[PDB]
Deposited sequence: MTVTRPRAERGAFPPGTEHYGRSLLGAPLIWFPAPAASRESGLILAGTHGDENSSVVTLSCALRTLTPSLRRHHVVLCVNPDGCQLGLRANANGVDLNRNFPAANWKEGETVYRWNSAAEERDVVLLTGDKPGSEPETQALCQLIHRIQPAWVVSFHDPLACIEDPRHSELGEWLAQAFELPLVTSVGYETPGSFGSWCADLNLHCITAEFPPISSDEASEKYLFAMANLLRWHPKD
C-alpha cells in the first residue's frame, strides 16, 4: 500500500535474499533480486572497498525503507565482505578488488592508494591479483552480472563528492539532482568501470562525500530509495 515501510519495521530486510558466491574467507556473497524485475532492471552495488561504508549502510537502509514491490533494480550491499569486517580497503589477500577485474587493461603488479582525504600522496600499497579476475569476489560479481545482465550499473564509492557518468546521461543527472552532487563525464586499469566499458555495460560510479553513516542514512535516505525505484521519466 504505502511508498515506505513504517520505521518500526525497518530493522530487518524484506524476505527474498539470495547468495551468489562465497568470499575468500567463507562469508556468503549476497544479492537482493529485484521483485519488480524486468529487462530495464539495473544493478546497484556498494562496498567494493571494505572501508567505504557510508554507502553500504545508506543502501541497506534504503532497501529496508522502500516497500518491496516498488524496487526495480538488483542490489549488492557489499562486494567485499571480508575487507568489510576487517575495516580495510582490500579483500583478505591484500588485493585492491577494483584493480582486479578481468578487463582488457588489467595490468599485473602493485597498486597504491591514499591514507585518507588529508593524505596528499597515494603511497599505501596493495596488490592487483595473481591473474586477471583472480579473487573469488571478482569472479562472483562478474558471473552475477553476466547471468542477470543489468541494463546499467551504479557503483558506490567514497570520498570524492560527485557522480561520474562518462556517457553524460539521464540517470547520471537524476543522480546529481537527488544526491545534490556535481556530475562529471574508463582507463583505471583492472577497475570495474573498465570491465563494464569492454561490454558497453553502462557504469556510473557514485562517489559519496566523507560522511558518517549516521548523517547519510538521513541525508541520503530518500535519494537512495528513489534510486531503487528509478525509471526514465520519459
Subject >> Stretches with no C-alpha position, numbering per deposited sequence from 1 >> reply: 186-188
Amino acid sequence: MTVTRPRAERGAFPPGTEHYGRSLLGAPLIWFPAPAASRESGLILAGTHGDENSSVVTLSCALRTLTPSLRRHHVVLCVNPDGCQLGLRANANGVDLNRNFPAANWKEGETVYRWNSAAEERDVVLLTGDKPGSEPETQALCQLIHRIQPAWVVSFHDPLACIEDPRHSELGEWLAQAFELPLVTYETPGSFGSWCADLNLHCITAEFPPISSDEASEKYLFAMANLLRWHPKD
From here on, numbers count along this sequence of modelled residues.
**OP:** Averaging the C-alpha B factors as listed in the entry, name the stretch that ends up higher: 46-54 or 161-169.
**Re:** 161-169
**OP:** Determine, for stretches 116-124 and 131-139, which one has the higher mean CA B-factor as deposited.
**Re:** 116-124
Subject >> Maximum C-alpha temperature factor, selected from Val184, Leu201, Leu70, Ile30 >> reply: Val184
Original post:
Hey, what third does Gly109 fall into on Cα B-factor, ranked over its chain?
Top reply: highest
Original post:
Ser41's Cα B-factor: lowest, middle or highest third of the chain?
Top reply: middle
Original post:
Among the chain's modelled residues, which third holds the C-alpha B-factor of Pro15?
Top reply: highest
Subject >> Modelled-residue ranking by C-alpha temperature factor, third containing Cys196 >> reply: middle
Original post:
Among the modelled residues of its chain, does the C-alpha B-factor of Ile211 lie in the lowest, middle or highest third?
Top reply: middle
